[PDB]
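Before any comments, here is the structure.
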RNA sequence: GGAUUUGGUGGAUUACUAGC
C-alpha cells in the first residue's frame with residue numbers, strides 16, 4: 882500500500898509533465914513553420 | 027667578429043651558434059618594436075608584452091620584469107648564451123671552468139631531474155635551474171662525497 | 072609607502088604568526104605567551120623545548136609563516152621579545168620593562184579576539200617608521216569600521232608603550248576600559264636577516280656607551 | 595602455444611596430434627623414420643621434428659594458423703559443425719516473444735536520430758556608376774532634420798539555384814517511380830511488407846532521411862497509412878525493435894506537422910490505433926530496465 | 398589620435414568611400436604578424452627547454474571546413490544553454 | 002587474464018601513404034606511420050593489424066578479391082596480410098623506394114612502380130600453402146627519363162600506363178602480344194604529370210599536371247594516332263595539383279592542391295561540381311570507391327583524414343589526430359568514453375566501441391598534462407601547463423569554471439575528489455598543492471610542505487584521502503576533510519615520479535627513479551613490498567647517442583602506473599620502449615609489451631646498425689571493462705585487449721568433462737550442469753551454446769542453483785556479450801535473476817565485484833535505456849495527438 | 001702444460017627469389 886500508491890501518484894504527475902512537454906513542443910514547432918522566414 | 031668573441035667566452039660548438047641566438051635576440055626586438063607602435067592605452071598591448079616578460083624572465087634571459095627598457099637594451103645574445111647549461115654548471119660552481127663543464131656534459135655526468143642531458147647547449151629555465159645535479163652513482167659524484175668523507179654505498183654513490 | 076620586505080604581501084595576504092617561548096619556560100611566562108597569542112589574530116602558540124633556532128626557523132619558512140614571536144624572561148617577569156619576518160625579512164629585538172600579565176587581575180572574562188584597529192602615536196623618525204611598518208603587518212588587513220577593540224602603540228619618551236583597549240561610544244563621549252597587557256617596550260637592535268642568522272647586517276643597534284647617548288631620541 | 599594440442603611422437607613410427615578439450619587424436623602422421631623429438635614454437639607457427647636417421651631438423655608449417663581444423667577422431671579409421707570448427711554464430715532471435723536489435727553497428731539508431739542537427743553543424747561556415762548617399766550621410770544636417786536591400790539580396794539568392802540547375806543538364810533518364818515507392822506499392826497491394834522492411838534495413842542512414850521525407854502526403858493519405866502499417870507489422874515480428882521505432886519517430890519530425898492537422902481522420906487513426914495496440918506490449922522492457930538499473934545501483938554501492 | 402602633417406595618399410572621393418564602406428585594419432595586421440613571430444619563438448625556445456623533440460606548431470579565400478568539430482555536434486545548440494538561463 | 006594482444010591503435014587516423022577503399026567499399030583503410038588501420042563505415046568500428054611495419058608505410062595495395070593486402074615501406078620491405086586471415090603470409094623485400102603499388106583488376110598479377118622502373122609480379126595464391134620464395138617478377142621496364150610519379154591500371158591487364166615526372170607519359174600492355182597495340186608515350190605536357198587516367202572507352206586518355214592545366218588525348222585520323251582533342255584548365259592563384267584520383271564509371275576527378283582547396287570535375291562535361299578547403303595544408307593522397315559515393319582526402323601536415331560523398335553533402339567520418347602526442351589518458355566510468363590530452367592543449371574525446379572522436383575542446387591555450395574524471399559522467403577535470411585548470415561538462419560541452427592559482431603557476435597533475443567537491447593540482451614552479459572547490463572557483467587552501475615539485479596527486483575513493491608525490495624522496499599522505507588537517511610523511515629512496523592509488527583505498531603504488539615500484543599502506547606508514555623494474559625495461563639507443571643502450575639512465579624508471587580495478591595488477595610505462603604487467607601479491611611481472619618497432623622513431627633499437677622524436681609511453685590506465693589497458697604512446701593511443709579469447713584457460717576439469725558432454729546435458733535438460741560444465745572449459749562458444757539454450761521458466765531456478773564462486777565470472781560474461789548481441793529481453797532476465805537471486809551477497813562483496821558491475825551497467829545505460837526512452841517518447845506523442853482536439 | 005696482451009681475415013649484426 883506504500884509502494885503502489887507512490888508509483889501511481891508520481892506517474893500521475895509524470896504523465897502531466899510529458900503530456901505538457903510534447904504539446905508545447907508542438908505549439909513551438911507549429912509556429913516555427915507558420916511564421917518563420 | 028662579435029660572433030667569435032662571445033663564442034669563446036661561453037664555449038660554443040659551432041661558430042654559427044651565436045647567430046642562431048642573435049636571430050632570436052633580434053626577433054625579440056622586432057616584436058618589441060611593433061608592440062611599441064600600438065597606442066599606449068590598448069588592453070591588447072598592455073596585456074601582451076607583460077605576457078611576454080613572464081616568459082622571458084621564466085627562461086631567465088633578463089634580470090628583472092619591471093623595466094620595460096631592458097627588452098630592447100639588455101636582451102643580448104650573451105644574455106641568452108649564459109642560460110646555457112655549461113655556464114649554469116659554472117655559475118653553480120659544479121665544474122671548475124666553463125670548458126670543463128662541457129667536458130662533463132659530453133661524457134654524461136649531469137642530469138635534469140630524471141633524465142640525463144647530453145647536448146651541451148641545453149637552455150635551462152630559471153625555474154628549471156633548481157634541478158641540475160650530478161647524475162647518480164657517477165664517478166664524479168662519488169669523488170665529491172669522498173672529500174667530505176661522507177660516501178654511502180648503500181646509495182652506491 | 073610600505074617597507075621593501077613587506078611590499079609584496081602588504082595588503083593581499085593575511086599574516087600567520089607564531090608565538091613561541093625561550094627554553095623550559097616558567098609557568099608565569101608560559102601564560103604570558105598566550106596573551107601575545109591573543110593580542111594578535113592568526114597566532115598559534117608552539118611550546119619550545121629541544122628545538123634549535125635553525126630547525127625552528129627552517130621548519131617555518133617551509134610551512135610558510137609571516138613571522139616569529141619569541142619571548143624571554145627573568146624569574147617569571149618577561150623581559151624581552153623579538154618579531155622576525157621570515158622570507159629573509161628583518162628582525163627587531165624588543166626589551167619590555169613594565170609588564171602586567173592578564174592572569175593576575177580578576178576572572179573578568181576573555182578577550183574579544185576580533186580584528187583590532189591600531190593607534191600609532193609619536194613616530195616621527197625614519198627609524199620610527201621602520202618600527203611602524205614592522206609592527207603593523209602582524210595584524211590581519213582591513214579591520215571593520217565599527218570593530219570594538221583597539222590596540223594603541225604609544226611612543227612617549229622613546230619607550231614604545233602598548234596597551235589593549237575595548238571601546239564603546241556613548242551619546243556624547245567615547246568611554247573605554249582596559250583589558251590585556253600593559254607594556255613598556257624598547258627595541259634595541261634591528262637585523263636585516265631573521266633571528267636565526269646572527270651575522271646579518273645591522274640596520275639599527277641601541278648604542279648605550281656614547282657621550283651623547285642620553286641626548287637624542289630614537290638613538 | 596595455446597594448450598589446445600599435444601603432438602607426440604613414438605616408436606610406432608607415428609606422430610599424432612592430441613586435442614585436449616575433446617580428448618582424442620585429430621591427425622595421425624605415419625613417418626617411416628621414427629621421430630625422436632617434437633617441439634612447437636613458442637609462436638604459433640612452426641613444428642620441428644628430429645628423426646633417428648638423417649642429420650637435420652625437419653620443420654613443419656602449421657596449417658592451423660591459416661585454416662580452421664576439424665576435431666574428429668579420424669585416427670582409428672586410418673590405422702555439430704558448431705563444435706567441429708569450435709565456433710558458434712548466434713541466433714537471429716531466440717523466440718517470437720523476445721525483442722531484438724538490428725544486426726550490425728549500434729550507431730545506426732544514433733545517426734538516424736538527430737539527422738537535421740548534425741547536417742546543420744557539418745556544413746562549412748561560408756559599384757554603381759552614380760553613388761547614392763542620404764542627406765544626413767553628407768553635409769546636409771538641415772535636410773535630415775526636416776527629412777521624412787533585403788529584397789535585392791533575396792533576388793540574388795534565387796540566382797545560385799538557377800545556376801546549379803543550368804550547370805547540370807544530364808540527358809540520362811532515371812525511372813519515374815523510385816525503387817522505394819515501388820516496393821511500398823507492391824508491399825501494400827500484397828498486404829505483406831516482410832519484403833519491404835528487408836529493404837529499409839539495408840538503406841544507408843543518408844538514404845532514409847531522403848526517403849521518409851519523400852512520402853506522397855495528400856487529403857486521402859495513402860502512402861503514410863501504408864508506411865505505418867509496415868511498422869506495426871514489423872513490431873509484431875519483434876525483430877529489429879531499435880530501428881522500427883526510429884523509423885516511427887522519423888515520421889513525426891518529417892510529417893508530424895501533417896498528421897497532426899489531419900488527426901481524427903478515420904484512415905490514419907485506424908493505423909495509429911493499430912500502432913498503439915501493438916506498441917503497448919513493448920513497455921515490458923521499460924519495466925525491465927528500471928529493475929535492472931535500480932537493483933544494480935543498490936547492489937554495487939550499498 | 399594625432400593628426401599627420403604628411404599628405405594623405407587617399408583622395409577626397411576615396412576617403413568618403415572608406416566611410417561609406425577586429426579592432427583596426429592596420430592594428431590587426433600588427434597583431435597577426437606578432438603572434439606568428441611568437442609561435443616561431445616558442446618553438447626554438449621550447450626545443451632548447453624541452454628534453455624531448457617537439458614538432459613545429461605552425462608553418463606560416471574560399472569556404473573553410475573545420476578539421477575537428479567542437480562539442481557533441483549531433484546535439485542541438487539550444488540543449489547546451491541551461492533552462493535557468495533562458 | 003594474462004595474455005593481452007594488440008587489439009587497436011587509437012588516434013592518429015592518417016600519417017602517410019595512399020588511402021584506398023575496399024572493393025565492397027564497406028571498409029576504408031588508412032595507413033599509419035608503422036601500421037595499417039581498417040575503418041568499417043557500416044559498423045563504425047576500427048581494426049588495426051597486429052603486425053609491425055619496420056618504417057612508415059609509403060604505399061598501400063588492396064587486392065580486388067581482398068584476400069591479399071600489401072604495404073610498401075620507405076626501405077622497400079613488402080608485407081602481405083590476408084584481410085580475413087589477418088596474418089603475414091609472406092614478407093618479400095623490394096630493393097628500392099616504392100611510390101604506389103596497384104593490383105590489376107583481374108588480380109592475376111600486381112603492377113608495382115619504383116623510381117623510373119615499372120614491374121609486374123605474379124601474385125602468389127592466398128589459398129596456396131606458404132612457400133620459401135613466393136615472390137616472382139613478370140617483367141621490368143626501364144624506359145623512363147625519371148621515376149614514374151603515379152601508376153594507373155586498365156580493366157584489362159594488357160595495358161599499364163605510368164606518368165613520369167620528366168613530363169612524358171608512357172603506356173605498357175600486360176601481355177607481350179598487345180605491345181603492338183599500345184607502346185606510345187605522350188609528350189608536350191607542361192610542368193609535371195601528377196597522374197594518368199583511363200576512361201571506360203580506351204579511345205580517350207586523360208592526363209593532369211602540377212601547373213593545373215588538363216589535356217585530354219583522343220585517337221583520330223590526321245595512319246593516324248593520338249592527337250590532343252581538347253584541353254581543360256583549372257585556375258588556381260597559388261594552388262598546384264599534388265595528388266589526382268579519377269573514377270571512370272562516374273567520370274569524377276578529385277584534385278589535390280598545395281592551398282588545400284578540394285574541387286571535383288567530370289571528364290565528359292569539364293564542369294566543377296564543388297570547391298571546398300579541407301584544411302590550409304595541401305591534400306597528399308585522395309582515393310575513390312567503385313560506387314564513387316565516398317572520397318577520402320588526407321593531409322600529412324595536419325595528419326587529418328577526411329571522407330566526403332559527392333552525391334549527398336554529408337561526411338561519413340571527419341576527424342584530426344593529435345599534432346604531437348597525448349600527455350594524459352582519462353577513462354570515464356562508462357567503458358566507451360575515453361579522454362586524451364595533447365601537447366597542443368586541444369582535448370578530443372575518443373570512443374571505446376568505435377575509434378572516432380565525438381568532440382574536441384580548444385579551451386586550453388597551453389598544453390594539457392593530466393585529464394581525470396570524477397565519479398560521475400557530469401564532468402572531467404583537465405590539468406594544463408598554462409597555469410589554469412578548467413572543468414568541462416559532457417552533457418553540454420562547456421567549462422563550468424576555470425580554476426586558477428594566485429601567482430599564475432604551471433600545473434602538471436591533478437586529483438579530483440570522488441564526491442566531486444574538491445579539485446587539487448600540482449606544479450613544477452611552486453611545489454604547493456593548490457586546492458579548489460568545485461562550486462566556488464576560489465582556491466580553498468594551498469597545501470604545502472614539499473621540497474621539490476609535486477609529480478602526481480591521487481585520491482582513494484573509499485577513504486577520500488589524497489596522497490602527494492614529491493621529488494624530496496618522501497611520500498606525504500594528506501587528510502584534508504573535517505577538522506583534522508594532519509599530513510603523514512613516508513620517506514622514499516629516490517625521486518618518486520609515479521603515484522598509484524588502489525581501489526581498496528588502502529594501498530599506494532609508487533614509481534621511483536631507481537626503477538623500483540614500491541607498494542605502501544596508508545593507515546600504517548610501512549610498506550607491503552616492492553617490485554624491481556630496472557632489469558626488465560627495454561631501452562633504446564638514440565641515433566645521436568654516445569653511450570650503449572645498456573648503461574644509459576634515460577628510461578629505466580616508470581613515468582606512470584595504474585592499478586587494475588581488481589587491485590591485483592600494475593601496468594607501468596615510462597619514456598622507455600616497454601610496458602609491463604606486474605602481479606601485486608606474487609610480485610613478478612606477467613608479460614612485457616614492446617610499444618613499437620620503428621627505425622623512424624628513436625627509442626626503439628637496443629643496438630644500432632654498424675633530433676628524431678623519442679618513443680615513450682606517457683600515461684597508462686586500465687579500463688573499467690578491464691579487457692585491455694590503454695597506453696598513450698608517441699605513435700598514438702594504444703589499446704590492448706582480450707576480446708579474442710582464442711586460448712584454452714580451463715578451470716577444474718575432470719576427465720569426464722568434454723565439449724560434447726555439455727551439449728549432451730542440454731538434451732538431458734540439466735541446465736544447471738551444462739552451464740557449469742561449460743564454465744569449466746571457459747570457452748565462449750560452449751557458453752553461448754548453453755546460455756542461449758535454456759528457457760525463461762528455469763532461468764531463476766538456475767540463478768539460485770548457480771554457486772557464489774561462479775557469480776563474479778557469470779556476470780562478467782553477460783557484460784561482454786550483451787553489448788553487441790540482439791537479445792535485449794533475454795539478457796536482462798539474466799541480470800534480473802543474478803541480482804534477484806543474491807542481492808545481499810553482491811552488495812556485501814562490493815570490492816569482489818567491480819568490473820562485472822561497471823560492464824553490466826554500461827549495457828543498461830548505453831543501449832537499454834535508449835530503447836526505453838524511444839518507446840517512452842513515442843507512446844507520449846501518440847497520447848498527445850488523440851487527446852488534443854483536431855485542427856480547423 | 002699455464003696465464004696475460006695484441007695484428008689480421010671470415011661469419012653474423014632487419015627475414016634467405018641468381019650476374020650483365
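Protein chains in written order, with the authors' numbering: chain UL, 882 to 918; chain CI, 27 to 183; chain CJ, 72 to 290; chain UU, 595 to 673, 702 to 748, 756 to 777, 786 to 939; chain CK, 398 to 418, 425 to 463, 470 to 495; chain UA, 2 to 223, 245 to 632, 675 to 856.
Each residue gets a CB set at the ideal place from its N, CA and C atoms; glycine is no exception.
Any Cβ of chain UU within less than 8 Å of the Cβ of residue 337 of chain UA? Under the Cβ distance rule, residue 337 of chain UA counts among the residues neighbouring chain UU, one pair being separated by less than 8 Å.
What first and last residue would you give for the beta strand (DSSP E) that runs through residue 584 of chain UA? 583-585
Assign residue 460 of chain UA to one of three DSSP states: helix, strand, or coil. coil
Within 10 angstroms of its Cβ, does residue 219 of chain UA collect 16 or more other Cβ (buried), or is it exposed? Result: exposed.
Since residue 477 of chain CK meets chain UA, which of its residues come closer than 9 Å, beta carbon to beta carbon? 326, 340, 341, 342, 368, 370, 379, 381, 382 and 384
Mapping DSSP to helix, strand and coil, what is residue 125 of chain CJ? helix
Please list, in chain order, all residues of the same chain as residue 644 of chain UU whose beta carbon is under 6 Å from its beta carbon, the five residues on each side excluded. 630, 631 and 651
Skipping 5 residues on each side, what residues in its chain have a beta carbon closer than 8 Å to that of residue 541 of chain UA? 529, 530, 531, 532, 549, 550, 551, 552, 553 and 606
In chain order, each beta strand (DSSP E) run of at least 3 residues that lies wholly inside the segment 142-175 of chain CJ: 148-156 and 162-166
Examine chain CK for any beta-carbon lying closer than 8 Å to the beta-carbon of residue 17 of chain UA, and answer yes or no. no
Whole angstroms is fine: what's the gap from residue 83 of chain CI's alpha carbon to residue 544 of chain UA's? 41 Å
Suppose you measure from the CA of residue 303 of chain UA to the CA of residue 663 of chain UU; what does that come to, to the nearest Å? If I take the Cα positions, the gap works out to 51 Å.
Selection of the segment 132-153 of chain CI by Cβ proximity to chain UA, strictly under 8 Å: 132, 134, 137, 139, 140, 141, 142, 144 and 153
With respect to 7 Å, is the separation between the Cβ of residue 275 of chain CJ and the closest non-hydrogen atom of the ligand SAM below this value? The ligand SAM is not among the ligands present in this structure, which contains no ligands whatsoever.
Any C-beta of chain UA under 8 Å from that of residue 213 of chain CJ: no
Given this structure, state the Cα-to-Cα distance separating residue 398 of chain UA from residue 415 of chain UA, to the nearest angstrom. 11 Å
C-beta neighbour in chain CK for residue 739 of chain UU, strict 8 Å: yes
With 8 Å as the C-beta to C-beta threshold (strictly closer), list the residues of the segment 121-154 of chain CJ near chain UA in chain order. 133, 134 and 135
So which of CI/144, CI/77 and CI/102 has the shortest CA-CA distance to residue 92 of chain CI? Comparing Cα-Cα distances from residue 92 of chain CI to each of CI/144, CI/77 and CI/102, the minimum goes to CI/77.
Starting from residue 808 of chain UA, trace the alpha helix (DSSP H) in both directions and tell me its first and last residue. That run of the alpha helix (DSSP H) goes 807-812.
Distance CB(residue 686 of chain UA)-CB(residue 600 of chain UA) smaller than 8 Å: no
Residues of chain CJ with CB closer than 8 Å to the CB of residue 471 of chain UA, please, in chain order. 133 and 134
On the three-state DSSP scale, how would you describe residue 43 of chain UA? coil
Once the 5 residues before and after residue 799 of chain UA are set aside, which same chain residues still bring their CB inside 7 Å of it? 782 and 824
Please list the residues of the segment 793-811 of chain UU that have a C-beta atom closer than 8 Å to any C-beta atom in chain UA, keeping them in chain order. 804 and 805
Helix, strand or coil, according to DSSP, for residue 38 of chain CJ in the structure here? The structure shown does not extend to residue 38 of chain CJ, since chain CJ is modelled only from 72 to 290, so the question has no answer here.
Rounded to the nearest angstrom, how far is the Cβ of residue 680 of chain UA from that of residue 456 of chain CK, given a contact under 8 Å? Incorrect: roughly 11 Å between the Cβ atoms, too far for contact.
Select from the segment 897-913 of chain UU all residues with a C-beta closer than 8 Å to any C-beta belonging to chain UL, and list them in chain order. Of all residues in the segment 897-913 of chain UU, the ones placed with a Cβ closer than 8 Å to any Cβ belonging to chain UL are 897, in chain order.
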